[PDB]
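First comes one chain, alone, set out as structure tokens in the form deposited without the ligand.
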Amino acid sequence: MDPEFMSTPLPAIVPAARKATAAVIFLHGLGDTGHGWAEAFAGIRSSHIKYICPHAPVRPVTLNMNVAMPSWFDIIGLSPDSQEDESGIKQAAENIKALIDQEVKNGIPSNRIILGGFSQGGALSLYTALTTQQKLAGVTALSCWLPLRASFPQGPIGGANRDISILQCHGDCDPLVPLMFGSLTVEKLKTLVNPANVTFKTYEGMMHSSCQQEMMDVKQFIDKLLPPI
């Protein structure tokens, strides 16, 4: 994981109670933190899964009037039209692939790893899973979008994650990332990957955040795809 990406602390971690036979790598969004997500995932933790919430390098963010904060990549705007930080997204994807590889070198195979995240961290989880040849168990993409959408095929993507399971979650009251982004993303994902394994859930009254019912759907998705043994 490259130089900007090892400026941060080691990830916030929820350990497995038993020995860990699977992992969830969960990427936060602008503002929310690795720590905050680790406390959320503690509430749904499985005895054999380790939950890894890495920290993003601290860098000015254009959307936030150039204030320096943890950020996987720059965000310029959140309209469907907005220009995107292509090079930063690709760079961040290579670091996330490196992070998956660190779990693989520690004994947990990539097909026992779910990658997920919130807002630009969910966008990055989708981008990363659809562009890596590491086979992953699934993706949880919460209140987000598919970055660099026009760079993707108009049909199936093929390669290792062509049949990956994806749960995409969105709030119906999100004032930052419009529900339309979630919708247009699930549409695009049903052409990129096998649509049998793509599920879209929306939450009434949820804004740009998670909620308890969403965390229960995320738990059921993770647990079913990463069962014991």
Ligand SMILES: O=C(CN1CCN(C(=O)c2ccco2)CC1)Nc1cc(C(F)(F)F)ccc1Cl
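Only residues modelled in both forms are compared. All residue numbers refer to positions in the sequence shown, first residue = 1. So that the term is clear: the rigid core is the largest set of C-alpha atoms that superpose within 1.5 Å between two forms.
The same protein also has a form solved in complex with the ligand, omitted here; what follows describes it.
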{"query": "Pocket accessibility after superposing the ligand in the bound PDB entry (3+ atoms within 2.4 Å of backbone/C-beta)", "finding": "blocked"}
{"query": "Residue 79 within 4.5 Å of the ligand in the bound PDB entry, heavy atoms", "finding": "yes"}
{"query": "Residue contact check: residue 125 to the ligand in the bound PDB entry, 4.5 Å heavy atom", "finding": "no"}
{"query": "4.5 Å heavy atom contact, residue 185 to the ligand in the bound PDB entry", "finding": "yes"}
{"query": "Contact test in the bound PDB entry: residue 177 vs the ligand, heavy atoms, 4.5 Å", "finding": "yes"}
{"query": "Single option in 38, 198, 44, 30 placed near the ligand in the bound PDB entry, where near means a heavy atom within 4.5 Å", "finding": "30"}
{"query": "Selected contact from 114, 130, 92, 146, since only one has a non-hydrogen atom within 4.5 angstroms of the ligand in the bound PDB entry", "finding": "146"}
{"query": "Listed range touching the ligand, judged in the bound PDB entry by heavy atoms within 4.5 Å, from 95-103, 115-123, 131-139, 155-163", "finding": "115-123"}
{"query": "Consecutive-residue runs (3+) with Cα displacement of 2 Å or more between the shown form and the other one, core aligned", "finding": "31-33"}
